[PDB]
Structures are given as C-alpha cells and as structure tokens.
Amino acid sequence: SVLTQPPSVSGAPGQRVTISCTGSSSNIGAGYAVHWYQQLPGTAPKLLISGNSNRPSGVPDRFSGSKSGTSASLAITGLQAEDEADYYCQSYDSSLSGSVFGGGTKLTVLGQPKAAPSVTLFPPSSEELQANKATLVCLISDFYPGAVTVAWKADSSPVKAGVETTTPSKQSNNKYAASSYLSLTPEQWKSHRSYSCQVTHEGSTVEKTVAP
Amino acid sequence: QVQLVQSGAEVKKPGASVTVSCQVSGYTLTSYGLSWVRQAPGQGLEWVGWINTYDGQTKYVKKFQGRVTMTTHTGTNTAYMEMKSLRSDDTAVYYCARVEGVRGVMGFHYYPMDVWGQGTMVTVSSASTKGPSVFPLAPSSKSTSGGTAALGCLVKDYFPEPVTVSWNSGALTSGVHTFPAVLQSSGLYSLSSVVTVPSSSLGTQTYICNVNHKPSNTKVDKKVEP
Amino acid sequence: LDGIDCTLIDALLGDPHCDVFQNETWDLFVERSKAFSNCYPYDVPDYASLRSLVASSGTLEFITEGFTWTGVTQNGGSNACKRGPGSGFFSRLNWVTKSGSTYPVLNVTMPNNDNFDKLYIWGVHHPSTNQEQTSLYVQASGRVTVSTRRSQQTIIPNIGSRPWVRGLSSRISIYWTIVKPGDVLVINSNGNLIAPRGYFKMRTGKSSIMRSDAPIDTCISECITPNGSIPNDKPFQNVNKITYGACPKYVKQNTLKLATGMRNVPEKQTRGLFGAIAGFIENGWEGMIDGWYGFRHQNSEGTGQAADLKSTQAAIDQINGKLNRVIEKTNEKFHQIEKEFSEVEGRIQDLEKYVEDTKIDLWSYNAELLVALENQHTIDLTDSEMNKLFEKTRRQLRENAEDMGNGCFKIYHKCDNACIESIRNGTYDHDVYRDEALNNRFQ
Amino acid sequence: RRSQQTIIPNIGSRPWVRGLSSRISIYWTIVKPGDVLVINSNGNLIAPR
Amino acid sequence: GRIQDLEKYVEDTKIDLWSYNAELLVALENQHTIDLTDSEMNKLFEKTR
Ligand SMILES: *[C@@H]1O[C@H](CO)[C@@H](O[C@@H]2O[C@H](CO)[C@@H](O[C@@H]3O[C@H](CO[C@H]4O[C@H](CO[C@H]5O[C@H](CO)[C@@H](O)[C@H](O)[C@@H]5O)[C@@H](O)[C@H](O[C@H]5O[C@H](CO)[C@@H](O)[C@H](O)[C@@H]5O)[C@@H]4O)[C@@H](O)[C@H](O[C@H]4O[C@H](CO)[C@@H](O)[C@H](O)[C@@H]4O)[C@@H]3O)[C@H](O)[C@H]2NC(C)=O)[C@H](O)[C@H]1NC(C)=O
Ligand SMILES: *[C@@H]1O[C@H](CO)[C@@H](O[C@@H]2O[C@H](CO)[C@@H](O[C@@H]3O[C@H](CO[C@H]4O[C@H](CO)[C@@H](O)[C@H](O)[C@@H]4O)[C@@H](O)[C@H](O[C@H]4O[C@H](CO)[C@@H](O)[C@H](O)[C@@H]4O[C@H]4O[C@H](CO)[C@@H](O)[C@H](O)[C@@H]4O)[C@@H]3O)[C@H](O)[C@H]2NC(C)=O)[C@H](O)[C@H]1NC(C)=O
Ligand SMILES: *[C@@H]1O[C@H](CO)[C@@H](O)[C@H](O)[C@H]1NC(C)=O
Ligand SMILES: *[C@@H]1O[C@H](CO)[C@@H](O)[C@H](O)[C@H]1NC(C)=O
C-alpha cells in the first residue's frame, strides 16, 4: 500500500533535513524511478525532484534525491522559510500493476518552540446521553509542530469506531490546535470504568480520562 | 509555459455522476501522457487513472475500476475524467499533470509527473440543512489542574457550517477557544467552544453558549455547571 | 544520443532550445515524442528524406564558411525564435534582410576543395503580405537560385496569409543541396533568401534514427528496439518490426517451441513387486537420471541399471550444433525504411508498407516451417539412436538370446553381473555361452 | 498549421477537350484534429464546399 | 533520402531471404542424400537376410 513515509520532519533555518521513504520488494528490486512532489499550503502539487535526482527546471539545487536498497530519500540544504510544505515521495510499483504514493510529511522551519499538547477530555452531557448517544470531546491545543497522531482506546482495546479527527490548524500566535471527536452509545460508556484520550506528539504522550 | 484549465468545481449527490475536464496550452496533450490524482481534504494524495493521448491506452486503480474512466478530445486539446455512481467519501480535489510515458514506453513509471492543474473540487453528499444540538460540558470533577476549570458546550450533527457560539452574548471573551468542526462519517459537522474561567467561581458565575445557526435558524442557549 | 524534446531537424536547423546538440555526433539518434519546435515556422519539402539522410551521416558537425553578402543586412531575427531574452533566429542559418533602401541581387560562390561531401542547408521566406515583402525584401518579387556544377534548384516566394503560428502568418521553406568533392556551389537570389553560415561534414556510417520515448539505462545490448534493447540469443522476436544492430528476425508468431530434448513417452508399466524390467517400447524410465539411453539387467544376482554414454552422446552432439547451423546466430542492420507513419502520403507510403509487410509474412513462414522441420527431425534422430543400440545388441548377442519383443533380450544362460557388463561395452563373446544357451533354447 | 501549398495559374492554350482549351488542377490538403485550414488566393481559385 | 533508402532495403531484404533458402536447401539435400545412399546399403543387406 501507501509507501512508508515519516509523519513529520523539522529543522532550523539553513540545515539539512532528510525525508525517509521505504518501499516493498516489488518497488525495491525494481527501484522504478522515484520522484518527490512539493505541495505548498493550499496549492496544487509540483515536481520537486524526478528520475532519482533528475532536476526540475527552476527548483533550487539545495534539493537532492538519493536511492539505495529498499528505500530512497530527499535531502534539503539551506532550509528557507518558503521551503516548508507537504512532501510526498511518489513512485511506481509492479506487484500492484500501478504507481504508489507516499503517506506524507510536514516540513516546518523551526523558529517556533516545540509545544506540548494541552488535552482536555470532556464527558457526555446529561441531555446528550439523554438521547441515547454520548460524545467524548477531546481538544488538543497549544502544540508545535502541529503534528499529532491521536489514539483513542477502550481500557483493553483501540477503538476506531467514530474516529473523527480534524487536522491541526494554526493558532493566532503560531501554535497548532485540533479536535478529535469519538461518540458512542450509552451502553458502551458504562461498559468500561473509564475512557481515555491518548495523543502522540513528537514522541511524548499527554492524556486525560473521565469515568461515569 | 504550459497551462491547464480544469472544469469549474462541481457538486452532486452520491449515486450521481460527475466528469472533470482538463485543458492544455503550449505542448499538445497529444505528444504527452496524462493521469489524475485525488486530493482528499488534508488526507494526502492518491493516484487514480492514467491515459495516453495518441495511444488510447488506459490503466486504473484496482479500487475504482469501472466506476472511473478516461477520455480524450484529441481535436480540442482537452482530456476528460468520468466518474459514475459516485460515493459520499470519494469527494475531493482532482488534478491532471503531464506524463512522459508515451509511445514505445506505454508504462507510466519512468515519467515524473509534470505541470499539474489548478484543480477541480467535486463534493458528494446526501445531506440537507440540520439544526445544531447544544449540550453542556462541565468538569467531571473540579479540574484543579494548573489553574481554574474548563467548561464549554458541544454542538453536534449540524449542517451547514458554521454557527457562531457567543458566551453570554460576548460577556465571556476571555479564554474562549472554539475548535475547528469535524465532518462526521454521517456527513454533518460538529464543533466545540471551551472557556478557561477561575475554578473559584464554578458557582459564582454561570456560563451560556449562544449557539445561533443561520442555516437552521436555531438559537439554542445552554447552561454549563458541574 | 537522446534528442529529448528536440527533433533531429530542429537540432540541425539550430533551434534555440536544441542548440545544445550543435556539433553533435551519434550512432543512433533517438527522437522523443515530448519533442517540439519553438523557432520561426518552417516546412521541409520531402522532409522525411532529409531527416533520413542526416541520421545516416550521424553528425550535426557544422563548419562555418566565410560567406560575403554585399550590400545587404545580415543576422536577421524575430520574436518567434528568441534565443534568451532578446530575439533571435536559427544558428546554422542567417536571415538576409535588405540594406538601406536596396536589395542588390546577391550572387556569391563557394568551392568544395575538401575531399568530403558538403551539405549546405538553406531556405526561402514566404512573406504573409506584400508590404512585408516589399519592405523586408525591396522588390516585391523575391527569388532564390541555389545551384551546383551538377544540379540546379530555383524557388519562388509565395506571398499570402496562412495559419498563425507562434505569432506569425509567414513561413520558411527548407531546402538542402549536397556539394560533391571538387564541385562548386553557387547562390543567385533576388531576395527572400535564407543563406546558411556553412555546411555539414556528411559521413557514411551505421548511423540511423529511431522513434521512441523508452528510458535509457546504463547497459550493454547489441539489439535496440522502440520498446527498449532486447537480448539477441534467440533467432526471432515479436517485440517490434523496427530494429537496430544485431536483432532476431521479426516474425508474426509470438512464440515457437523447439524440441531440444527427446520425444517423451511418460508413465510406466512399473510391473508389480518383482520388476519385469521390460524393455522401453511403450515406456521411458523416469528412474534413469544418468543418461538418455541405458540398460537394465535382470540376472540371478538381482537387478541393475547402467546408462550407455556412447549412444547418449551421439544424440546430444547432433542436437546441440544443429540449431545454430540452420539459423544464423546473427545479422546486422542499421538505417532502413520507416516502418511507420502518422499521416497519408498515397503512393510512396503504400509501397513502403507493402515491402515491409511482405517481408514479415515471407520470413515468418520460414521460421514456422523451419521449426516444424527441426522438431520433426530431432525426434527421428533421438528415436533412431535408441533403435540402433538395440540392433547393436542383436548382432552382438547373436544366438545366445532372443528378442522378447517387449524391447528386451531373453538371454538363455546364467549371466552374472560381469557377464552383463561384458555385453554393454561390446567386448562380450558369443561362443563362450553358445553351447550352454543353445541347450536351454531348444530343450 | 503544419504544411503549406501554393500554386500559380499557367495561362496558355492546350489540347481541346469537351469544347475547352483550359484546365483545372486538383490539389488535396488534409487537416488533422485541432489544426486549422487557411486559403489565401488572389484568383483562379476553386474553393471546395 | 527516402526513395533511395527504400530501393536499397528491397534488394537487400531479397538477398538475405534468398540466401537463407539456399543455405537451408543445401543442408536438407546433403542431409537427405546421405540417408538415401546409406539406406540402399542397408536394404541390400536385408534383401540377403
Ligand atoms: C512495443 O511498443 C509498441 C508501441 O508502443 C506496442 O504496440 C502497441 O501494442 C498494444 C498492445 O499490444 C496495442 O494496443 C491494442 O490496440 C488494439 C487496436 O487499436 C490500436 O491498434 C490499431 C491497429 O493496430 C495496428 O496498427 C498499425 C496498422 O494500422 C500497425 O503498425 C500496428 O503494428 C498494429 O498492428 C491502431 O489503428 C489504433 O490507433 C489508431 O487510431 C488512433 C485513434 O485516435 C490514432 O490516434 C492512431 O494514430 C492510429 O491511427 C490503436 O492504437 C486494441 O483493440 C487493444 O485493446 C485492448 O484492450 C481492450 C480493452 O480496452 C480489450 O478489449 C482488447 O482485447 C485489447 O486487449 C489494444 O489497445 C497498440 O495498438 C500498439 N501500438 C501502439 C498504439 O502503441 C507494443 O505492444 C510494445 N511491445 C510489447 C508487446 O510490449
Ligand atoms: C555570379 O557569381 C559567380 C561566382 O562564381 C561569378 O563567377 C563566375 O565564375 C566563373 C567560374 O567559376 C568565372 O569564369 C572564369 O573566367 C575566367 C576569365 O576568362 C577570361 O580570361 C581568359 C584567360 O584568363 C580568356 O581566355 C577568356 O576569354 C576571358 O576573357 C577564366 O580564365 C576562368 O577559367 C580558367 O581560369 C581559371 C582560374 O585560374 C582556372 O581555374 C580554370 O581551370 C580555367 O582554365 C582554363 O585554361 C586552362 C589552360 O591550361 C585549360 O586547361 C582549362 O580547361 C580552362 O579552359 C573561369 O572560366 C567567371 O568569372 C564567372 N562567370 C560568369 C557568370 O561570368 C559570376 O560572374 C557572377 N555573375 C555575374 C556576371 O555577376
Ligand atoms: C565542431 O568540432 C570540430 C572538431 O571536431 C571543430 O573543428 C569545429 O569548429 C566545431 N564546430 C563548432 C560548433 O564551432
Ligand atoms: C567391459 O567389461 C569387462 C568385464 O569383463 C571389463 O573388463 C572391461 O573393462 C569393460 N570394457 C569397457 C569398454 O568398459
């Protein structure tokens, strides 16, 4: 399926950031020409680097593409403000008789302190559970970079039912903030002693729990 | 200097069908290949189909085979993308970029996608306007975490966004932070607005979110207390 | 050579984006589809031909000559062909615009002292309007007259509006004139002339041009096709009709199986508990894995098997060498005929197609017929050997035994393992057991 | 937009046929998809319908 | 150019094809003659048996 790409990458201005992209044996031994596309914020994608470092016209040489073994990557030097955007390692496979795309990456130019997610998990209101339907409002705010993998789990298992998470948006200052809503029927809320909203950010995990 | 004109963003109910059109300027599409990629909102990108002008070759995703189909007006220098029996989820942004895989090659692989279009946005949904449900959210227990307490409201299952939440007609503008609504698998958004008021007044001053919805003309005020 | 987004012609003429190819040599100029031109609109009469000959030479080596045009401006340019920010024109070409208020009948000459054939590429301009004509060329009636000591060529400008291209309703007709050694070139134009800056050192080589967008990976492969190089280990191929270098004949059949091994009669009697060891006849011994032909003795000492390398070898030898003999390991071909077109040309085109097509059908037949002959012939060959080794034994054993028919010889006398071995090499003597055997037979 | 063709009338008496000492030269021009056709004659033209 | 190219191809193609026939044909004849003569010698031997 989707090529293996990092969730996010970030460095200081004027540094070298590497975006790792590994593939399957079908793509590996084939090493079919791998390319990378720079998708600026709210704008159609573009050819950043092609044919395994084949250079697109007009794109700064600070961008380089290497490939070896079961993976290839893109190096960026002298990272500038503009340089931050969404990157995707596009390639082509055979076992799937088609072309594969990269999960994605969020390059952000540091100059903004990393921040820890402020999680506030809310219990279902009285009139809400009244209509026989609860809703756990987990609000993740105050985190930078704005990258977060939210994992909602019952006490014994991961629940992907009613998993609606809104991608992070920038705050007035510059910190990112998003929300993850996971509703369920009353019988399920009473089922477990307590439900907890877990969120992953830069390797650290902040969490909050609420019981009936 | 090669431009790409894309059909005006369209919207149609699920089960119905739409067709994206792509125009080319400069290099004749005829001597260039083409493919389309869907861009679900903040969901990444996904290659869909591939055609080759002057080559009449076509390859589609195992996922949407049949549903989607390519077309090319070699005479007007424009390509077509047909999508029948659309699905609610499938809606997103669509693009069309050049491909080198032409003539003898046939295979797309070698070619690196070049010159992508501005993009057409299609929207699939069966939804109609809905009234927002306002439910109060107070601390399950005095938070006492760091400072004060966090109490708010929850408007769920409402269309179409967005509705302005005003705490006490605006008496409470301090601490309020309304988080971006989210599209439910059902098709109706939901947002939340929480405030940061002193935990020493959990019973001194009450809080009410004035959820006023213009689409549903539904003004619902709720009380938030532990 | 990868002409990328450039045609061998646009490279020759000297188009701004293809200037990088100037003074370029090559073995096989690959022309991509992504190709395109971005200079003053031109049309090359009998274009294909010119393109073909150029590819034959295998070099766009230009040799600027010191031409002297008197009483007339030089190095004309236009927006249509912009070399960088400022306008421009063709590289190996020169636009001759009127000087002051007059365009004197230009008349020059250029001898070919050199011992190699010279190729001068010129052209004529076709004004879109009369004012453009009378302005850019003074006298409203232009005229070009290139001529050599052998042939003569004269063109007349055709004023008139035509399809707008790159912002121009005018055109430029391309004409080439080869000048043999010792011979001399001459140009007598009244105007609308597009004199060249020199010539090209035409060469006679294996150089040719093939159309394809196929990737170019680093590797060695004698055969090249629009679908990418292919191994030339086989006699024929079904990849494409257009080839280059040492490639297999392009037959119609996408496959042809040639009998390399022996004809196989699979399955076995595998007779019971005690093995009859029955002769081949209607069965092959999947057990024997040390040769093609072997023997199986069923003496009092028990059973045993041994393959006769002699017989087996004879078969293999005949088999191996044959293939290469019948079909020639290889044959080279370089520049040929375009086996494809994109438009209709009537007569000429028709013929070309017929020729190539006729070739394939005729060739295919040979392949099909040949393979059938080989397989059919191989079987008899291998099957014969097995039959000889059987007769070689009949003559050897003599009277001592009898041919059961099942492909075995029922020896009529006690025969130990040594006794058997003596027969397989052929050393064995009949007299030894003659008396003994003779008795068990008739008694 | 691809090729160009220009012809010039040739005044002169020739073999009489069906009561005429004149002639008409036939010329065909194929126009590929997207491409466009153009006709710029001063006279003696025989435009098609 | 064009005209010439074709002419050469035609003739060349002819030879290559024709040659094959000659080569193939001779191989068949020699191979066939041997069996023929060798067979006779084998028959006269059986005619005696
Ligand atoms: C090496 O590379 C070559 C070239 O890239 C490649 O050749 C292509 O091979 C594929 C598959 O093998 C062909 O595709 C099939 O085409 C079927 C018929 O339509 C095509 O072919 C028409 C006639 O074929 C002949 O064309 C000329 C003679 O006219 C001759 O030189 C050829 O050798 C060939 O025998 C052709 O006329 C047509 O195109 C015309 O019309 C278009 C219209 O705009 C015009 O633009 C063209 O200029 C041209 O005039 C067309 O190209 C088709 O039926 C078949 O369909 C498959 O799929 C359907 C489902 O979609 C199934 O139902 C069906 O069973 C088939 O599986 C398929 O599309 C293709 O034609 C060859 N040529 C091309 C265009 O590249 C080799 O295969 C490569 N080598 C290998 C094997 O790897
Ligand atoms: C448009 O532009 C062209 C550019 O070429 C221009 O030139 C024409 O070129 C031709 C040849 O290329 C020129 O002809 C030459 O004319 C001279 C002069 O002839 C006079 O003088 C001789 C004696 O010197 C008299 O006999 C004669 O009656 C004339 O009065 C000739 O001498 C040239 O031929 C010989 O000399 C050459 C130069 O050395 C030798 O290379 C050549 O081999 C010739 O030798 C002769 O004698 C040999 C004796 O041993 C004999 O063995 C040889 O076989 C041979 O007979 C040469 O013919 C001429 O200037 C131009 N022709 C025209 C059109 O007039 C054009 O003039 C110009 N157009 C115009 C008019 O504007
Ligand atoms: C091309 O190269 C040759 C040497 O092989 C040289 O003599 C000639 O001047 C070159 N032409 C150009 C582009 O100047
Ligand atoms: C044949 O068999 C005999 C056994 O008596 C042995 O001595 C001899 O070496 C064998 N000859 C060959 C050619 O193997």
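Per the conventions used, each chain is numbered from 1 along its written sequence, independently of whether this matches the entry, and residues without coordinates are not displayed. A letter from A marks each chain and a number from 1 marks each ligand, given out in the order of writing. Within a larger assembly, only the chains shown are considered here, and all values are given for them alone. The side-chain values count all of the structure's non-hydrogen atoms but skip hydrogen atoms and water molecules.

**Q** Mind showing me how you'd approach the packing of helix α4 (residues 309-326) of chain C against helix α5 (residues 347-397) of chain C here?
**A** When two helices pack together, their arrangement is given by the angle between their axes and by how far apart the axes lie. Residue and element names in this part refer to chain C. Close contact between α4 and α5 brings their axes to 10 Å; oriented N to C, the two are set at 165°. One element, α4, and the other, α5, form an angle in the roughly antiparallel class. Taken as a pair, α4 and α5 cross one another with a handedness that is right-handed. The segment α4 lies against α5, with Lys310, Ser311, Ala314, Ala315, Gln318, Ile319, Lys322 and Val326 engaging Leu370, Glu374, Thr378, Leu381, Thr382, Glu385, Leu389 and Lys392. Taken together, the residues of the contact of α4 with α5 sort by class into seven nonpolar, four polar and five charged. Where helices are involved, their axes are fitted lines through C-alpha atoms of the stretch in contact, as for all axes, and angles between N-to-C directions lie from 0 to 180°. Comment: elements are numbered from the N terminus, with helices defined as DSSP H or I runs of at least four residues and strands as E runs of at least two. Small angles under 35 degrees read as roughly parallel and large ones over 145 as roughly antiparallel, with 65 to 115 read as roughly perpendicular and the rest as oblique. By convention, the crossing between two helices is left-handed when the near helix turns anticlockwise from the far helix through less than a right angle, and right-handed when the turn is clockwise. Only heavy atoms matter for contacts: two residues are in contact if any of them lie within 4.5 Å across the pair. Under the scheme applied here, ten amino acids are nonpolar (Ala, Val, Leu, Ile, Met, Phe, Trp, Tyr, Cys and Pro), four are charged (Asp, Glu, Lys and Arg), and all others, including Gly, are polar.

**Q** I would appreciate a short explanation of the side chain of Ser26(A) in the present structure.
**A** Residue and element names in this part refer to chain A. With respect to the helices and strands, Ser26 occurs in helix α1 (residues 25-28). Assessed through its relative accessible area of 14%, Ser26 is described here as buried. For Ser26, the side chain forms a polar contact with the side chain of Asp93, separated by 2.6 Å. In this structure the side chain of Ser26 is engaged in a polar contact, spanning 3.1 Å, whose partner is the side chain of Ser95. Every residue in contact with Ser26, bar those within four places of it in the chain, is listed here: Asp93, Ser94 and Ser95. Relative accessibility under 20% of the residue-type maximum defines a buried residue, over 50% an exposed one, and the middle range a partly exposed one, all with a 1.4 Å probe and only protein chains included. Any N or O atom pair separated by 3.5 Å or less is treated as a polar contact, with the protein-specific requirement of one donor-capable and one acceptor-capable atom, and with residues adjacent in sequence counted only for side-chain atom pairs.

**Q** Just to check I follow, could you spell out the sheet that holds strand β1 (residues 18-23) of chain B for this structure?
**A** Adjacent strands of a sheet pair through backbone hydrogen bonds, lying either parallel or antiparallel. Residue and element names in this part refer to chain B. When DSSP locates at least two bridges between a pair of strands, those strands are taken to pair. Across the sheet, three strands lie side by side as β1-β6-β5; this open sheet has antiparallel pairing. The open sheet has two free edges, formed respectively by β1 and β5 (68-73), since each of these has just one partner strand. Averaged over all pairs of adjacent strands, the angle between strand axes in this sheet comes to 20°, irrespective of strand direction. As defined by bridge partners, β1 adjoins strand β6 (residues 78-83) across six bridges and the pair is classed as antiparallel. Within the sheet, the bridge partner assigned to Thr19 lies in β6 and is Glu82.

**Q** Quick question: what am I supposed to make of the arrangement of the chains here?
**A** By number of contacts, the leading pair among the five pairs of chains in contact is chains A and B. Spatially, chain A and chain C are disjoint, and the shortest separation between their C-alpha atoms is 10 Å. As for chain E relative to chain B, no contact occurs, and the smallest C-alpha gap between them is 23 Å.

**Q** Honestly, a negative patch on the surface in this entry has me stumped. Any pointers?
**A** Residues enter patches when their relative accessible area tops 30% and they take part in no salt bridge; the joining distance is 9 Å for like charges and 5 Å for the nonpolar side chains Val, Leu, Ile, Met, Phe, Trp and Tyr. A 1.4 Å probe and the Shrake-Rupley method give the accessible areas. Residues count as covered only by the protein chains that appear here. Salt bridges are defined as contacts in which a side-chain nitrogen from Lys or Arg sits within 4 Å of a carboxyl oxygen from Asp or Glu. Charge counting treats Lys and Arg as positive and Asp and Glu as negative, with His and both chain ends excluded. In plain terms, the charge of a residue is placed at NZ if it is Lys, CZ if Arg, CG if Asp and CD if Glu. A surface patch of like charges, here negative, comprises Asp429(C), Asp431(C), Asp435(C) and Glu436(C). Judged by relative accessible area, which is 36%, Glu436(C) ranks as partly exposed.

**Q** Mind showing me how you'd approach the site of ligand 4 here?
**A** All names here are of chain C. Around ligand 4 lies a shell formed by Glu421, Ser422, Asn425 and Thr427. A distance of 2.4 Å is found between an oxygen atom of ligand 4 and a side-chain nitrogen or oxygen belonging to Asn425. Coverage of ligand 4 by the protein chains reaches 35% of its 370 Å² of free accessible surface. Split into classes, the residues belonging to the shell around ligand 4 amount to no nonpolar, three polar and one charged. Each residue is tested against the molecule or strand, and it is near if at least one of its non-hydrogen atoms lies within 4 Å.

**Q** What is the right way to look at the interface of chain D and chain C in this model?
**A** Taken residue by residue, the interface counts ten residues in chain D and 14 residues in chain C. When two parts are put together, the accessible area they lose, computed with a 1.4 Å probe and summed over both, is reported as buried area. For the pair chain D and chain C, the summed buried area comes to about 970 Å², and 50% of that belongs to carbon and sulfur atoms. Of all residues in chain D, the largest losses of buried area upon contact with chain C belong to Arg1(D), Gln4(D) and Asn40(D), amounting jointly to 51% of the total for that side. The partner of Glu343(C) in a salt bridge is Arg2(D), with the nearest N and O atoms 3.2 Å apart. There are two residue pairs in polar contact connecting chain D and chain C. Per-class residue counts for the side of chain D that touches chain C are four nonpolar, three polar and three charged.

**Q** Is there a simple way to explain the interface of chain A and chain B in this structure?
**A** Interface size, as often reported, equals the accessible area lost upon joining of the parts. Each side of the interface is counted separately: chain A has 44 residues, and chain B has 43 residues. Across the chain A to chain B interface the summed buried area is about 3,300 Å²; carbon plus sulfur atoms make up 66%. On the chain A side of the contact with chain B, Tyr92(A), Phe101(A) and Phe122(A) bury the most area, a combined 17% of that side's loss. Counting every contact that joins chain A to chain B gives one salt bridge. In this structure, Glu127(A) engages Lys222(B) in a salt bridge whose closest nitrogen and oxygen atoms are separated by 2.5 Å.

**Q** Would you take a moment to explain the state of the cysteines for this structure?
**A** Formally, a disulfide is one covalent bond, and it connects the sulfur atom of one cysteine to the sulfur atom of another. Residues and elements named next belong to chain C. In plain terms, two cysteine sulfur atoms within 2.5 Å form what is called a disulfide here. Overall, the coordinates contain eight disulfides over all chains when judged by the stated rule. Through a disulfide, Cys6 is tied to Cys18; the S-S separation comes to 2.0 Å. Taking the sign of the S-S torsion, about -95° here, the bridge from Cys6 to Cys18 comes out left-handed. Taken as a pair, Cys6 in the segment before α1 (8-13) and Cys18 in the loop between α1 and β1 (28-31) lie far apart in primary sequence, twelve residues in all. What makes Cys18 buried here is its relative accessible area of 0%. In this model, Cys39 is linked to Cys81 through a disulfide, with the two sulfur atoms separated by 2.0 Å. Across the disulfide from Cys39 to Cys81, rotation about the S-S bond amounts to roughly -95°, and the bridge is consequently left-handed. Taken as a pair, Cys39 in the loop between β1 and β2 (42-43) and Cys81 in strand β4 (residues 78-82) lie far apart in primary sequence, 42 residues in all. Among the residues examined, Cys81 registers a relative accessible area of 1% and is labelled buried. No disulfide involves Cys219; its sulfur sits 11 Å from the nearest other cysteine sulfur, which is in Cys223. Among the residues examined, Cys219 registers a relative accessible area of 56% and is labelled exposed. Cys415 provides the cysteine sulfur closest to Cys408, a residue in no disulfide bond, and the two sulfurs are 14 Å apart.

**Q** Before we go on, may I ask you to explain the packing of α5(C) against helix α1 (residues 2-46) of chain E in this structure?
**A** Where α5(C) contacts α1(E), the two axes come as close as 12 Å, and the packing angle between them is 20°. By the angle between their directions, the pair α5(C) and α1(E) is classed as roughly parallel. Where α5(C) crosses over α1(E), the two elements pack in a sense that is left-handed. Grouping the constituent residues of the contact of α5(C) with α1(E) by class yields 15 nonpolar, five polar and six charged.

**Q** Help me understand unusual backbone geometry in this model?
**A** Only a minority of non-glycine residues have a phi that is not negative, and only a minority of peptide bonds are not trans. In this model, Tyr144(A) is joined to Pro145(A) through a cis peptide bond whose omega is 0°. Positionally, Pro145(A) belongs in the loop between β11 (134-143) and β12 (149-153). The peptide bond linking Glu161(B) to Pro162(B) adopts the cis configuration, its omega dihedral lying at 0°. Its place among the elements puts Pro162(B) in the loop between β10 (149-158) and β11 (177-179).

**Q** What am I meant to see in the environment of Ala211(A) here?
**A** All names here are of chain A. Note on placement: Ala211 falls in the segment after β16 (204-210). By relative accessible area, which is 45% here, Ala211 ends up partly exposed. Here the alpha-carbon distance between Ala211 and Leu139, two residues 72 residues apart in the chain, equals 17 Å. Not counting residues up to four positions away in its chain, the partners in contact with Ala211 are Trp189, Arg193 and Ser194.

**Q** What exactly am I supposed to notice about the sheet that holds strand β15 (residues 195-201) of chain A here?
**A** Residues and elements named next belong to chain A. In space, the three strands of this open sheet follow the order β12-β15-β16, with antiparallel pairing throughout. Edge strands, defined here as strands with exactly one partner in the open sheet, are β12 and β16. Direction aside, the axes of adjacent strands within the sheet are offset by 20° on average.

**Q** Mind showing me how you'd approach α4(C) here?
**A** An α-helical turn contains 3.6 residues, so any two residues separated by three or four positions project in the same direction. Residue and element names in this part refer to chain C. The span expected for a helix works out to 1.5 Å for each residue beyond the first. Over its 18 residues, α4 extends 27 Å from the first C-alpha to the last, a length consistent with the 26 Å expected when each residue adds 1.5 Å. Among the residues of α4, those classed as buried are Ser311, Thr312, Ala315, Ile319 and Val326. Along the axis of α4, the buried positions cluster into a sector of 105°, meaning they face one direction only. Within α4, the exposed residues directed more than 90 degrees away from the buried face are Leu309, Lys310 and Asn320. In this description, one arc is meant: the one made by directions from the helix axis to the C-beta atoms.

**Q** I'm lost on the packing of aromatic side chains in this one. Help?
**A** The description of an aromatic ring pair uses the distance of the two centres, along with the angle that the planes make with each other. In summary, the pairing rule links any two rings of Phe, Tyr or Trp, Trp by its six-membered ring, whose centres are within 6.5 Å, and it sorts them by plane angle into stacked for under 30 degrees, edge-to-face for over 60 and tilted for everything else. Tallying each qualifying case throughout the model produces 28 aromatic pairs over all chains. Ring centres 6.1 Å apart and planes at 40° place the aromatic pair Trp50(B) and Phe108(B) in the tilted group. Placement of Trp50(B) in strand β3 (residues 46-52) and of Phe108(B) in the loop between β7 (93-99) and β8 (120-121) is noted, with a sequence separation of 58 residues between them. Side by side, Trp50(B) and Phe108(B) carry an identical accessibility label, which is buried. Each member of the aromatic cluster is reached from another via a ring pair, and the members are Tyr92(A), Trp47(B), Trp50(B), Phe108(B) and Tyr111(B).

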